[PDB]
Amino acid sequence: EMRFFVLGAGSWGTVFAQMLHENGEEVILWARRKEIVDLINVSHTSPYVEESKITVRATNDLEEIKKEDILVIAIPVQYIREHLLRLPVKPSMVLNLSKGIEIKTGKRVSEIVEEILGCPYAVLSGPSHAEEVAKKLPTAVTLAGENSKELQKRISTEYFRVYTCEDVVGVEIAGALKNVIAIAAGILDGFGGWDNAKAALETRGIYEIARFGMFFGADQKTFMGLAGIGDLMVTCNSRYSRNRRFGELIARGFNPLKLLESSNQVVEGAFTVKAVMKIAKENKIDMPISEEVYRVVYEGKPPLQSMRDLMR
């Protein structure tokens, strides 16, 4: 009946594809580079997944996608558009895994998909660090959108629980913006771990996020579930979070741009915050935390002056 074409072989694309493959689903994983395809197919390893055998089949050919495929998007948001534009056919639907907002257009992934493919859309999002999912540690996420019931059945495992909801916009916005807050949370860790401060930041942060989402018609309840508060918590408080780590290193004195070029992994919040600021200015929505993360990341604002400013 059905096949998953997983687009993007980073940490999460690879782990998700492998999980689906282990569920007994028909899966193929697309990787950008032939070297990654080769490592997966030949040596059943990926540099994106530590100590985990990768047995799912990889390809470098987009021409392998079929009109009956479920396209799973696991490409970092700023690179989704160029890759969808090169698909030789439209898939039967899109399941999005990526968290962010496209900088130039202010578009959520659903909207990019709508513009380019126009096929049914769903989004999976929750507290799900790929490192822990690969180790089969208990994880729960939410799924919103079309065909969510069937998708729930095929994706779920013993350790990976999928709850469905109806608020696509809310799920997309919560997952995108929690990375921005997490940067701000890492800064506090970079100061030494100011736990009272972080929890207060997280509290005000979920609220800032909910205000942005509700302005685009999200449901307030979405922000109090796994896609909102859950994901925010796992991201602000885990050693596995790239966004929290990015903030932590900025606080330690590392140059933000240099940090970005130091990894092959993407820090989505560094990009989303710029998209969020453009939207906020155009629609006159106040985003205090996002505005400070923007200043620290892009305008070289001293993290400590940022901290003090945000307090008043």
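Don't overthink the numbering: it's just position in the shown sequence, from 1.
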Of 257-265 and 242-250, the stretch with the higher mean C-alpha B-factor in the deposited entry is 257-265
Stretch exceeding the other in mean C-alpha B-factor - 213-221, 194-202
213-221
Relative C-alpha B-factor of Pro91, binned into the chain's lowest, middle or highest third
highest
Comparing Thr139 with the other modelled residues of its chain, is its CA B-factor in the lowest, middle or highest third?
lowest
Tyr48: which third of its chain by C-alpha temperature factor?
highest
B-factor third for the C-alpha atom of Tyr121 within its chain
lowest
So where's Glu26 on the chain's Cα temperature factor ranking, which third?
middle
